[PDB]
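Shown below, as structure tokens, is a lone chain in the form deposited in one PDB entry; questions about how it binds or moves come after it.
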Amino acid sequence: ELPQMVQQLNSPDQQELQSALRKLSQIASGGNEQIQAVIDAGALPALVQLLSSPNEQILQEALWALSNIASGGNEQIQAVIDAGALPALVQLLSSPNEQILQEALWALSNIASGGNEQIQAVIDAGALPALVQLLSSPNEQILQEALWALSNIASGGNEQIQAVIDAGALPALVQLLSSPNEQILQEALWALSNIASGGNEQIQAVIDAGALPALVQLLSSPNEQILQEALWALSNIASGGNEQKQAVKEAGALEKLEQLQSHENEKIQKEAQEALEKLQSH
């Protein structure tokens, strides 16, 4: 039984403690039904308490348990929030331990994968300045994890996207469009696409940050995957007002889109057409 395992989390014997902690995280990784049974067993206050443990073996497993629980539904995510996990997770973004730092980013990214209430709770905990600073990390793993977290925050309402812009994420996201790293380029394109899925003001902020010359340059890429990612970001920008449409035209996207209508890849043909048609709309 699970409530017996929850009781073992404050056991003076480490083998007993760690085995219950491993089991609970293993169960938490097996779908929303199993996530609900771990929550119902009263595991969340005990897991959050284990976040201030100086024992890396405990901390790693407890962070792994909480990330998995935060991968569930919005009400399951909200329970991780209500158990007071966010201050400990934000504080853990200052850890010089790369293992702890990545797991802390996983947890925050999963919490922010929820609805606007869960996204806002991550913003309100003060995660944004740390996430923006991590966009400058020379560690690709941390950078990629930080970008997934910002992309999730930017997937919410206009007020949640405005928080990412107000944190100064756009100059760093635009610079990442010049990365020779295709994985980082995709995530930066995805984060910018999410911001561009907001209101005209959010779309304009992407343009004012200087994303259009880098986006237009990516339309000439011999890589069809990058092309698809750039077209998606452009289609979101083109969905704005006439002031936003004009800026894309002024960057020379039309000429690149019209050329992309004669591409071998049918998915490229389709998306370039919808983007070009959205731009030339009146």
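Residues that one form lacks are left out of the comparison. Rigid core (definition): largest C-alpha set, two forms, superposition within 1.5 Å. In this text, residue numbers run from 1 along the sequence as written.
What follows is about the form deposited in another entry, which we do not show.
- Core-superposed comparison between the shown form and the other one: CA of residue 213 displaced by less than 2 Å.
- With the core held fixed, the Cα of residue 63 is displaced between the shown form and the other one by less than 2 Å.
- Taking the rigid core as fixed, one finds a CA shift for residue 45 smaller than 2 Å between the shown form and the other one.
- Pairwise change in the other form: residue 241 and residue 196 C-alpha atoms lie closer than in the shown form, at least 3 Å.
- The distance between the CA atoms of residue 258 and residue 174 is at least 3 Å longer in the other form than in the form shown here.
- After superposition on the rigid core, only one stretch of three or more consecutive residues whose Cα atoms move by at least 2 Å between the shown form and the other one is found, at 241 to 282.
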